[PDB]
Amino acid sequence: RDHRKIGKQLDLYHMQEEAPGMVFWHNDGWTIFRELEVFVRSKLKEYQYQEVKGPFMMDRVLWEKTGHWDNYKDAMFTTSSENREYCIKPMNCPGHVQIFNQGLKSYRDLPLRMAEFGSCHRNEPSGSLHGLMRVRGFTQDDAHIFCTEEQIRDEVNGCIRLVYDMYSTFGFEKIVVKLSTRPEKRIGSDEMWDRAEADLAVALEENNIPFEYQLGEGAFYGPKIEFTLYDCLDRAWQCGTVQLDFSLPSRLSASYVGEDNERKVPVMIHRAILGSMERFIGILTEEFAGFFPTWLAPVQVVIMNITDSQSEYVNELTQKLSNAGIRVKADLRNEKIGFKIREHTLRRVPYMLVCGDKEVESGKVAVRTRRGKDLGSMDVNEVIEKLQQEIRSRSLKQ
């Protein structure tokens, strides 16, 4: 099952030829995107990240300094104003360094972990575009960690642990790791590349991760660990990535005062855990075949009446569920109850609550699921507490 077909059926998003590779998130798909942002934020809270927002575009001059112009030119969208040329950012790193560069820094500030849900644009050839997997405008759950050489091992280990921690929520059984080494066009010395590739290879082995080399596929600024997930057709897609950069901070004049009073350039680790939100949503859509776990489901509960005799009770329950923080809708249409149930089932709404006269008298609800399971009559507070528990725990099934 193809995320593009499911995305249309569940009204998640669309794309059009007036904007190739550019996603229009509809309400329900955007709800998924936002829930993923909430999840990421909760994880970055524990791991102590800042969260920032950089500018959408910056002077071409700045992208010339980083090496992006010489090593990344063809991917970049450019625009002009008042005789100055700007690049729409294809990466968030240079903006993060700009923010790091505001205010004197010392060893006391390191490791400084700086995250952003960063909108990137990369001008992918149109013949290479595919659904949500390969687009031109996407958002990374990005971060750059500024640290000392002595902190590299712990900080890279932290990124690796974050990947497996977050991925375990979604239950991925196939996670293939690649180590992508020096590409033909690059910055930094061969010596720097030797150290950076060895640091990543050793980090993988210390974490007991079998990996394969992907020769020549590293970033222009540094080698990359890539966490690869697989779509329905078993095509490989880079999702999480951890990269070691001994070059950009220097090109952008980043420095701090060390514990020993020597002013030094910080090491920068680049990482994304999900990768791009769009691609990760494509993956989840296929992985679950549109049956999103309850915490991610655009609409968690639909409550239906049999006739308008139960309209008032249905409205009351809907407000009660909604105030409990559940994404709930009332379906009060003059349609047969079996017509309503089938519609919400096909929409993959996890839970459907049916209210007939028996339910109104008892203060209960008849509960069924999108898999056709019939949970019978349940008391309203019990369904609320069960749902709240499954949402709060981000449970994989139930």
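The first residue of the shown sequence is 1; numbering continues from there. Under this definition, the rigid core comprises the largest set of C-alpha atoms superposing within 1.5 Å between the forms.
Using the rigid core as the fitting frame, the root mean square C-alpha deviation in 8 other deposited structures of this protein is greater for 192-200 than for the other of 69-77 and 192-200.
Annotation: of the segments 268-276 and 210-218, 210-218 departs further from this form in 8 other deposited structures of this protein (C-alpha atoms, root mean square over structures and residues, core superposition). Of the two segments examined, 220-228 and 172-180, it is 172-180 that shows the higher average Cα temperature factor in the deposited entry. For the segment pair 291-299 and 229-237, the entry gives 229-237 the higher mean B-factor, averaged over Cα atoms. If you compare the C-alpha temperature factors of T307, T78, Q243, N208 in the entry, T307 comes out highest. When the C-alpha B factors of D142, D194, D165, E278 are read from the deposited coordinates, the top value falls at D194.
Among the modelled residues of its chain, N101 has a C-alpha B-factor that falls in the middle third, as given in the PDB entry. When all modelled residues of the chain are sorted by CA temperature factor, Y86 is found within the middle third.
Among all modelled residues in this chain, the alpha-carbon of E150 has a temperature factor (C-alpha) in the highest third.
In the deposited entry, the Cα temperature factor of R368 places it in the middle third of its chain's modelled residues.
The entry lists a Cα temperature factor for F339 that places it in the middle third of the chain's modelled residues.
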